[PDB]
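Same chain, two versions here, written out as structure tokens and called structure 1 and structure 2.
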Structure 1
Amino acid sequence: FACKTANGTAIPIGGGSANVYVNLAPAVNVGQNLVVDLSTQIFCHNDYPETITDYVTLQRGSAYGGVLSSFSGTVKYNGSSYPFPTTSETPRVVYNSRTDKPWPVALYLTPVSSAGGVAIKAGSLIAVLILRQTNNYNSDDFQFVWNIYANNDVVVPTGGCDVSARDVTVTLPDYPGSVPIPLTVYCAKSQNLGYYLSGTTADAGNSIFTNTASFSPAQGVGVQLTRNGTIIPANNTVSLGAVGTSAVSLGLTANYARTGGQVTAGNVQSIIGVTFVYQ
């Protein structure tokens, strides 16, 4: 019995450890968020199927790593779901062929936010999975330890909803003028969703974000966002109603707004956060 990754990295007879480098494509699902499907990444086979049958389980102590360590979830093993990190050995998968066959493991994260996310840097450890292999022939009891690494920079969603982009940059026309902000949100199932803006504001109405341009800044102007032609104050819930699998545009537009005093030439920049909330 031996195993290999999609990229040819092998663990031989007797077990051992290997790194698995995965191009992650995490996604929200109903009730759980996919982190990584390893059934396309890890393969094993029985070396002598005519006389021996191999038994393969996911062993207790399999867990997330790095920045996913604070989160709990589920693991789907051979069509059934179990708590993850694993607290008990799973039922077995039978390996009875010399032909490589997937190790049927997929990792999920339990939603805890509305539309939050955890940023993963490429090269980061995201999970450690313990494959236990025994057989019906002798007393072999081997461990195949799979260290799962993110191959790419990615955001793992932690909520029931996800966004078109986690960072959006827009350029306004030269003062005066406006520009739409492309930003949509969708949810795995229907959610009563809203959002609020965050940032430093200049006015008592809490609706004009300050100009924080560092180099050659303009004076006298800030940035104000509108939705449906209506100014959106910061720290105030905008209701999107019920949001489902079809993406819904937040309908945001950026504008300049005078903050007082002389308007002098220079650069303008405002950094504005969006945070979603269940209502």
Structure 2
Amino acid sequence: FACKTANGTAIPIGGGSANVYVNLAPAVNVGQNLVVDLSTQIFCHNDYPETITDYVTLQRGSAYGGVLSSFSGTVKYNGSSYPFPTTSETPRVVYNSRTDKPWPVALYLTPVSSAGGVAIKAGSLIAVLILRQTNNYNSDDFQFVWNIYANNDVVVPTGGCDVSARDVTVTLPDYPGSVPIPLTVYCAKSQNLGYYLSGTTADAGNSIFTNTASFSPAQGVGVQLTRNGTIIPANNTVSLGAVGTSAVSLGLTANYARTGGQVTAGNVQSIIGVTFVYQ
């Protein structure tokens, strides 16, 4: 019995450990979020299937690691769901072929927010899984330890809802002018959703975001967001109604807005936060 990965390493007869670097594509689902499906990443086979049956379990103590180690969730093993981190060993999966076949493990995360996320840097540890292998022939009892790493920079969603993008950059026409902001949100199941903006503002109305450009800044102008013409102040919750599986645009537009005094030539930049809430 031996196992291999989709990203070029393996563990031979007798077990051992390996570092698995996975290109993550997490997704929200109803009541739990997929962090990683390893059934495309880890494959195992039986070396003498005519005369030996191999038994494979997920061993207790399998858990999230690194920046995810505080999170709990569930693990789907061979079609059934168990609490994760694992407090008890799963039932057995039988391997009875020389053909390498999936280790059927998928890790999920219990939602904690509306639409927030954890930003994961490429190369970060996300989980440690213990594959236990026995057979019906001798007393072999081996551990195949899979250390799961993010291969890519990614955001793991922690909410019931997810967004088309986490980091949006738009370019205004030269002053004066406006530009639409592409940003949509959807939820695994229908949710009553709102959002509010965050940032530093220049005006007594708390609605013109300061020009924080670092090189050759203009003076006298900031950035103001509107929704169909209505100004959005900071820390003022806008309702999106009921948001379901179809993506809903926030309908945001960026504008220049004067902050007082002489307007001078130069660059303009504002960084604005968007945060979702359940209503």
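Between two forms, the rigid core is defined as the largest C-alpha subset superposing within 1.5 Å. Counting starts at 1 with the first residue of structure 1 and goes up one by one along its sequence.
- Taking the core as the reference frame, the CA atom of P102 shifts 1.1 angstrom between structure 1 and structure 2.
- Relative to the superposed core, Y137 has its Cα moved 2.0 Å between structure 1 and structure 2.
- Superposing the rigid core and comparing between structure 1 and structure 2 gives a CA shift of 4.1 Å at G8.
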